[PDB]
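Taking the form deposited in one PDB entry, here's one chain by itself in structure tokens.
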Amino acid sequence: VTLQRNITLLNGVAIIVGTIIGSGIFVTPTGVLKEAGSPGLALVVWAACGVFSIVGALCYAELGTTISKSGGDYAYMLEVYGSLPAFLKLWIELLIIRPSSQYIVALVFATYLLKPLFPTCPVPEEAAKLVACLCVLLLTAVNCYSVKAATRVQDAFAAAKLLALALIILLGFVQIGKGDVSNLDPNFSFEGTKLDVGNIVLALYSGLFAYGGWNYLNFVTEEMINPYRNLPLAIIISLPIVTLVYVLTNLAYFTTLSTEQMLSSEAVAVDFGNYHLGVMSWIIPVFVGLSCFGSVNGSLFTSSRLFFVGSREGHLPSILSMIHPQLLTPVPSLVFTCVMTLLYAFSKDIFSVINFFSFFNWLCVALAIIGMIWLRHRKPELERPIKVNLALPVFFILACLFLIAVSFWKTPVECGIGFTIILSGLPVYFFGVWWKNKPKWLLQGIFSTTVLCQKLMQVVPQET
């Protein structure tokens, strides 16, 4: 029993489009208007984040066709830099990165779905936490049931969020067509543009939050049918669509609201809904909830496969990377992902763990590209279906290095505790991997709890 090969091209487009378009297009625009001062600089920030993500994803497309194995961005560091830094990337991805980005989007789903019951109010926070946990547990059950069901869910909710954004787009177009064009006249357009890269960088960080997940199809390769045509085709179809929809949606936001409205607001989407429909204005936050539901599904689907592939290499315990027969789904990895996500419901505010750790994210992203360039020279024994032009990785590495170095500058005490946490995985590594010839007291207990979990979930190892 191995996993399968049943993800087609449209399923890959759905995975990428649905996982990228989550909550950032409804939450972050205040954060980029606040710290870039002007509508003009804000819209340029959105376009700059767009082209940055496009360049990085093309580098990942040729990376993923070179080393065509699952668990991307961890398999690529394991191929180049070896066991220990790959374990450090896996340990931070397992403990912080994945089960915070899932829980944030689940919480946004809950609040924007309960918003039509408490219009001019804060929604009660315990009900929001409970509905978020319900979302996560239900999508875990659907993913444990079958792989085709999860892809059908992804298709439906990707289509739903695309129609929901096309509505907000053409409403702001017909607002222009009514001929009362208050903002976006090409004379004002730019006042308040401050200067001082030291704060616009932080604005850039907010924009990059809306582009997270541009490399998740790399994590879920080895499930694709013909992943030599289909993976670069899926990336190159998926991302220009996303950056186009993002700049048009920010424009349609700017056609209706004034600037200090958008700085003083807590939800730009419900303002757009109230202004333009009034009655039947409960439509917009329902569709925001549907968006966040779809992206939580996509992130669970890729995180399970990452922890699967990490268990096959001997970095994680052996009960992960066991497949349940018949069903043919990696059940204990999905259970582990769900539990790690639900543990973040004890956070008072986890939207501040971002900017504690973005430097490590872009560090490993740039390290994979450096390793790709090194592998282009010190291994010309590989076949490359797409060999991208060089200096596109060089400029991408320079941009990532710029981002890291300016993160160390403005907030060094932010990056310090992040460095302590990312080296806190080192005793874990030595205790787990380096200590073969373990004491005999522990091997029997590990075998016992592994065979107990197997007898519970009915999962067998991978072999065929």
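Don't overthink the numbering: it's just position in the shown sequence, from 1. Rigid core: the largest C-alpha set superposing within 1.5 Å between the two forms.
The form deposited in another entry exists for this protein as well; it is not shown, and the discussion that follows is about that form.
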Rigid-core superposed between this form and the one not shown, candidates 165, 386, 201, 142; the one over the 2 Å C-alpha cutoff or at it is 201
Establish whether a shift of 2 Å or more occurs at the C-alpha of residue 189 between this form and the one not shown, with the two forms superposed on the rigid core. yes
Yes/no, residue 38 Cα shift of 2 Å or more between this form and the one not shown with rigid core fixed = yes
Evidently the Cα separation of residue 189 and residue 166 changes by 3 Å or more in the other form, so the atoms lie farther
